[PDB]
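This is work_0.tsv (TSV, C-alpha atoms).
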chain	number	residue	atom	x	y	z
A	1219	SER	CA	0.00	0.00	0.00
A	1220	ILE	CA	3.04	2.24	0.48
A	1221	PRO	CA	6.34	2.31	-1.45
A	1222	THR	CA	9.63	0.62	-0.64
A	1223	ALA	CA	11.75	3.42	0.85
A	1224	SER	CA	8.90	3.99	3.29
A	1225	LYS	CA	9.00	0.46	4.70
A	1226	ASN	CA	12.80	0.47	4.74
A	1227	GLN	CA	12.78	3.65	6.84
A	1228	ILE	CA	10.16	2.17	9.16
A	1229	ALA	CA	12.25	-0.97	9.62
A	1230	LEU	CA	15.23	1.18	10.59
A	1231	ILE	CA	13.07	3.17	13.03
A	1232	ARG	CA	11.81	-0.04	14.63
A	1233	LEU	CA	15.42	-1.21	14.92
A	1234	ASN	CA	16.41	1.93	16.81
A	1235	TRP	CA	13.39	1.78	19.12
A	1236	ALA	CA	14.07	-1.89	19.86
A	1237	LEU	CA	17.72	-1.19	20.63
A	1238	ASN	CA	16.64	1.53	23.06
A	1239	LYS	CA	14.10	-0.74	24.74
A	1240	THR	CA	16.77	-3.09	26.16
A	1241	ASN	CA	17.44	-1.04	29.33
A	1242	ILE	CA	21.24	-1.24	28.99
A	1243	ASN	CA	21.91	2.39	28.05
A	1244	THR	CA	22.78	3.79	31.49
A	1245	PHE	CA	25.53	1.31	32.41
A	1246	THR	CA	28.97	2.86	31.98
A	1247	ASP	CA	32.36	1.96	33.41
A	1248	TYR	CA	32.73	5.25	35.28
A	1249	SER	CA	29.55	5.66	37.32
A	1250	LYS	CA	29.55	5.98	41.09
A	1251	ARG	CA	26.85	3.31	41.38
A	1252	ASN	CA	29.45	1.00	39.83
A	1253	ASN	CA	32.34	2.39	41.89
A	1254	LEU	CA	30.58	1.89	45.23
A	1255	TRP	CA	30.00	-1.86	44.92
A	1256	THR	CA	33.35	-2.52	43.21
A	1257	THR	CA	35.52	-1.01	45.97
A	1258	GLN	CA	35.26	-4.25	47.96
A	1259	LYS	CA	36.84	-6.39	45.24
A	1260	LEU	CA	39.51	-3.82	44.37
A	1261	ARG	CA	40.37	-3.35	48.04
A	1262	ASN	CA	40.67	-7.12	48.42
A	1263	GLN	CA	43.00	-7.55	45.44
A	1264	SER	CA	45.00	-4.42	46.29
A	1265	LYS	CA	45.67	-5.65	49.83
A	1266	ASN	CA	46.38	-9.08	48.36
A	1267	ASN	CA	48.67	-7.44	45.78
B	68	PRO	CA	-44.73	-1.66	-16.51
B	69	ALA	CA	-46.04	1.72	-17.63
B	70	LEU	CA	-43.44	3.90	-19.31
B	71	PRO	CA	-43.24	7.27	-17.52
B	72	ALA	CA	-43.99	10.69	-18.95
B	73	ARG	CA	-41.99	12.10	-21.85
B	74	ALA	CA	-43.01	15.69	-22.61
B	75	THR	CA	-41.41	18.95	-23.75
B	76	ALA	CA	-42.40	22.61	-23.81
B	77	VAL	CA	-41.02	26.15	-23.72
B	78	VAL	CA	-41.15	27.93	-20.35
B	79	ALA	CA	-40.02	31.38	-19.21
B	80	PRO	CA	-37.49	31.47	-16.35
B	81	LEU	CA	-38.66	33.12	-13.16
B	82	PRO	CA	-37.35	36.52	-12.03
B	83	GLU	CA	-34.20	36.23	-9.95
B	84	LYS	CA	-34.73	36.94	-6.26
B	85	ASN	CA	-32.36	38.09	-3.52
B	86	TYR	CA	-33.89	37.43	-0.09
B	87	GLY	CA	-30.65	38.58	1.54
B	88	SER	CA	-29.81	35.09	2.78
B	89	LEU	CA	-29.70	33.46	-0.66
B	90	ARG	CA	-30.07	34.60	-4.26
B	91	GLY	CA	-31.66	32.81	-7.18
B	92	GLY	CA	-35.17	31.47	-7.64
B	93	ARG	CA	-35.10	31.28	-11.44
B	94	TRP	CA	-36.54	27.76	-11.54
B	95	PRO	CA	-40.06	27.49	-13.05
B	96	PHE	CA	-40.53	23.75	-12.39
B	97	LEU	CA	-41.91	22.08	-9.29
B	98	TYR	CA	-39.41	19.20	-9.44
B	99	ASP	CA	-35.73	18.78	-10.21
B	100	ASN	CA	-34.00	17.26	-13.21
B	101	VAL	CA	-31.58	14.50	-12.23
B	102	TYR	CA	-33.69	13.44	-9.24
B	103	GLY	CA	-37.46	13.29	-9.08
B	104	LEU	CA	-38.07	15.32	-5.97
B	105	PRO	CA	-39.66	18.72	-5.26
B	106	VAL	CA	-37.41	21.74	-4.99
B	107	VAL	CA	-38.05	24.23	-2.18
B	108	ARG	CA	-38.81	27.88	-2.92
B	109	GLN	CA	-39.25	29.53	0.49
B	110	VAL	CA	-36.22	30.57	2.53
B	111	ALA	CA	-35.75	31.83	6.08
B	112	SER	CA	-33.62	34.57	7.62
B	113	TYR	CA	-31.59	34.61	10.81
B	114	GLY	CA	-34.16	36.34	12.99
B	115	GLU	CA	-36.96	34.29	11.46
B	116	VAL	CA	-35.42	30.99	12.57
B	117	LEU	CA	-34.41	32.47	15.92
B	118	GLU	CA	-37.99	33.56	16.63
B	119	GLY	CA	-39.50	30.33	15.33
B	120	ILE	CA	-37.27	28.53	17.83
B	121	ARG	CA	-37.96	30.90	20.72
B	122	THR	CA	-41.73	30.65	20.28
B	123	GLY	CA	-41.73	26.93	19.43
B	124	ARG	CA	-43.10	27.16	15.88
B	125	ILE	CA	-40.10	25.11	14.67
B	126	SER	CA	-39.98	21.42	15.51
B	127	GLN	CA	-36.75	20.03	14.06
B	128	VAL	CA	-33.70	21.24	12.15
B	129	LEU	CA	-31.58	19.11	9.82
B	130	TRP	CA	-28.09	19.82	8.52
B	131	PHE	CA	-26.23	18.61	5.47
B	132	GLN	CA	-22.86	16.91	5.81
B	133	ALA	CA	-19.45	16.58	4.16
B	134	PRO	CA	-17.07	13.66	3.60
B	135	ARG	CA	-14.21	14.61	6.01
B	136	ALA	CA	-11.12	13.44	4.07
B	137	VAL	CA	-9.22	10.67	5.84
B	138	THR	CA	-5.93	12.50	6.37
B	139	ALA	CA	-7.66	14.79	8.91
B	140	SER	CA	-8.48	12.03	11.42
B	141	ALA	CA	-6.62	11.35	14.65
B	142	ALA	CA	-8.04	7.92	15.54
B	143	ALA	CA	-4.98	5.97	14.31
B	144	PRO	CA	-1.46	6.58	13.00
B	145	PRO	CA	-1.59	8.41	9.68
B	146	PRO	CA	-1.90	6.65	6.33
B	147	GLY	CA	1.71	6.70	5.23
B	148	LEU	CA	3.10	4.87	8.21
B	149	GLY	CA	1.90	1.63	6.61
B	150	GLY	CA	-0.62	0.32	9.11
B	151	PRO	CA	-3.74	-1.61	8.16
B	152	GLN	CA	-6.33	0.66	6.60
B	153	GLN	CA	-8.93	2.20	8.91
B	154	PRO	CA	-12.58	2.06	7.86
B	155	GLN	CA	-13.73	5.68	7.57
B	156	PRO	CA	-13.83	8.97	9.48
B	157	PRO	CA	-17.33	10.04	10.51
B	158	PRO	CA	-18.72	12.85	8.36
B	159	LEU	CA	-18.57	16.50	9.39
B	160	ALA	CA	-21.44	18.93	9.67
B	161	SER	CA	-22.07	21.26	6.75
B	162	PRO	CA	-19.04	23.53	6.21
B	163	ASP	CA	-21.20	25.99	4.25
B	164	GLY	CA	-24.04	25.70	6.74
B	165	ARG	CA	-27.02	24.66	4.64
B	166	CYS	CA	-30.01	23.44	6.61
B	167	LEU	CA	-33.61	22.34	6.13
B	168	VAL	CA	-35.89	23.76	8.81
B	169	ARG	CA	-39.14	21.97	9.66
B	170	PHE	CA	-42.12	23.90	11.02
B	171	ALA	CA	-44.96	22.90	13.33
B	172	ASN	CA	-47.42	23.03	10.40
B	173	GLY	CA	-45.66	20.64	7.99
B	174	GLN	CA	-43.77	23.38	6.15
B	175	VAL	CA	-40.14	22.71	5.26
B	176	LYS	CA	-37.89	25.61	4.27
B	177	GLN	CA	-34.20	26.09	3.58
B	178	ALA	CA	-31.78	28.41	5.35
B	179	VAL	CA	-28.09	29.05	5.96
B	180	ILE	CA	-26.83	28.75	9.53
B	181	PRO	CA	-23.19	28.28	10.55
B	182	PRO	CA	-22.83	25.31	12.92
B	183	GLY	CA	-21.88	26.45	16.40
B	184	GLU	CA	-23.35	29.96	16.16
B	185	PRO	CA	-23.70	31.82	19.55
B	186	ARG	CA	-27.46	32.63	19.91
B	187	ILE	CA	-28.97	29.67	17.98
B	188	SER	CA	-26.86	27.20	20.03
B	189	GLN	CA	-28.30	28.58	23.30
B	190	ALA	CA	-31.84	28.71	21.91
B	191	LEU	CA	-31.70	25.12	20.64
B	192	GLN	CA	-30.45	23.98	24.04
B	193	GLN	CA	-32.97	25.94	26.10
B	194	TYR	CA	-36.02	24.98	24.02
B	195	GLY	CA	-35.03	21.45	23.04
B	196	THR	CA	-36.08	21.79	19.39
B	197	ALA	CA	-34.96	18.58	17.73
B	198	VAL	CA	-31.66	18.62	15.82
B	199	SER	CA	-30.36	16.12	13.28
B	200	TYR	CA	-28.11	15.63	10.27
B	201	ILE	CA	-29.13	14.58	6.76
B	202	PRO	CA	-27.07	11.52	5.74
B	203	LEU	CA	-25.04	11.57	2.56
B	204	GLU	CA	-26.36	10.38	-0.76
B	205	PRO	CA	-24.76	7.28	-2.29

Here is the file; what I need is its structure written in the form of structure tokens.
Amino acid sequence: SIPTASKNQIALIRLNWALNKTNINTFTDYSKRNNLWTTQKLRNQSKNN
Amino acid sequence: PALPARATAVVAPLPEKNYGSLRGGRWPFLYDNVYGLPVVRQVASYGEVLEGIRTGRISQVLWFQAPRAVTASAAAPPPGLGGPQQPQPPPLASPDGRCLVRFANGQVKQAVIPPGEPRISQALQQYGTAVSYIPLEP
């Protein structure tokens, strides 16, 4: 009912929305929420260094 | 199956009239051409309909309608996003505001009223004169 480039664009849009919907975007190596629970392990290996 | 009439004659057009609300009235025949139904020849003004409503001499008003093109509907994502086709948008009231007014004594006239006007709206609501819309022809 609609041409080709249309449905191609809509497939790409759905791809981007789906990739956003996976709830992984906020995790980065440098947060404080990741630095507060990883100080135990680093302390352990640094004192066992 | 009796074959209908098939006649012909020469007739003089009627003098053009300008009642203020509408102009025309050059039709000398009691019916219409493509259809077989009587054409109206009496028209109403603004104050005439307002007073007929206020005093109760009007029983019911009917409006004409329009198709309401599909792109102007917000009941689903627009046609162009590729979804399954939606059935049809409901039809709008008359954009030009034509209406057939029906009197207490069987008389039916034609008038022009914009839908949503200030005074008529309040009068219709206060007096409960029936309102309706004339469906579209096939």

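If you look at atom CA of residue B:202 and atom CA of residue B:163, they are 15.7 Å away from each other.
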
Report the closest atom pair, with its distance in Å rounded to one decimal, for each residue of chain A that has an atom no farther than 12 Å from chain B; count only C-alpha atoms, sort by chain and then rising residue number, and write it as a Markdown table.
| residue | atom | partner | partner_atom | distance |
| --- | --- | --- | --- | --- |
| A:1219 | CA | B:149 | CA | 7.1 |
| A:1220 | CA | B:149 | CA | 6.3 |
| A:1221 | CA | B:149 | CA | 9.2 |
| A:1222 | CA | B:149 | CA | 10.6 |
| A:1223 | CA | B:147 | CA | 11.4 |
| A:1224 | CA | B:148 | CA | 7.7 |
| A:1225 | CA | B:149 | CA | 7.4 |
| A:1226 | CA | B:149 | CA | 11.1 |
| A:1227 | CA | B:148 | CA | 9.9 |
| A:1228 | CA | B:148 | CA | 7.6 |
| A:1229 | CA | B:148 | CA | 10.9 |
| A:1231 | CA | B:148 | CA | 11.2 |
| A:1232 | CA | B:148 | CA | 11.9 |

* Counting all atoms listed in the file, find the residues whose atoms lie at most 7 Å from (-41.8, 20.7, -10.1) (file coordinates) and write them out as a ChimeraX atom specification. => /B:96-99,105-106

* Taking (-42.5, 29.0, -13.5) in the file's coordinates as the center, which residues reach within 9 Å of it, counting only C-alpha atoms, put as a VMD selection string? -> chain B and resid 78 to 81 93 to 97

Output the selection as a CSV table (one decimal), keeping the file's coordinate frame - C-alpha atoms for each residue.
chain,number,residue,atom,x,y,z
B,78,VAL,CA,-41.2,27.9,-20.4
B,79,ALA,CA,-40.0,31.4,-19.2
B,80,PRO,CA,-37.5,31.5,-16.4
B,81,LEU,CA,-38.7,33.1,-13.2
B,93,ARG,CA,-35.1,31.3,-11.4
B,94,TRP,CA,-36.5,27.8,-11.5
B,95,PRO,CA,-40.1,27.5,-13.0
B,96,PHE,CA,-40.5,23.8,-12.4
B,97,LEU,CA,-41.9,22.1,-9.3

* Polymer residues at most 12 Å from residue B:195, all atoms listed in the file, same-chain spacing of 6 or more positions, as a PyMOL selection string -> chain B and resi 120-123+125-128+187-189

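Among B:190, B:198, B:166, B:143, the residue with the shortest atom-to-atom distance to residue B:112, counting all atoms listed in the file, is B:166.
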